[PDB]
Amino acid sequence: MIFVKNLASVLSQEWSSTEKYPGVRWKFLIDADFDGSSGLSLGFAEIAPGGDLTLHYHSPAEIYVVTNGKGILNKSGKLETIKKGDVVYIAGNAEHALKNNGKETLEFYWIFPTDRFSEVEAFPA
């Protein structure tokens, strides 16, 4: 199949969040648990000011596509600023974090080379 999604497409899907990531919420836009797509999966995340996608890692490589705001990417200990217009590559099992130190919402898509988000087990650093 071929399909098109945007935030409006997933209006009926509630935002997801977890205690370990303060100020972060997300929705699944391309995901086998919702769509029967496979091979790649994609979500959309918002990080509120002060929010932190806490240091973690997981087996699959990952890409972030930053679409709004600015933040601080923790590259396994080395900090680098990121902003709208950036893409980020995270090698499999590399520890990474994303902090929103700005006043605007930090927004990005993530992509995994998996059918679904639930196949990706996130381990804390």
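One-based numbering along the sequence shown.
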Inset, instruction - Could you check the entry and say whether 107-115 or 7-15 has the higher mean CA B-factor? - result: 7-15
Legend entry - Candidate set 55, 65, 61, 30 [ranked by C-alpha B-factor, highest]: 55
Legend entry - Ranked C-alpha temperature factor of residue 41 among modelled chain residues, by third: lowest
Legend entry - Relative C-alpha B-factor of residue 83, binned into the chain's lowest, middle or highest third: middle
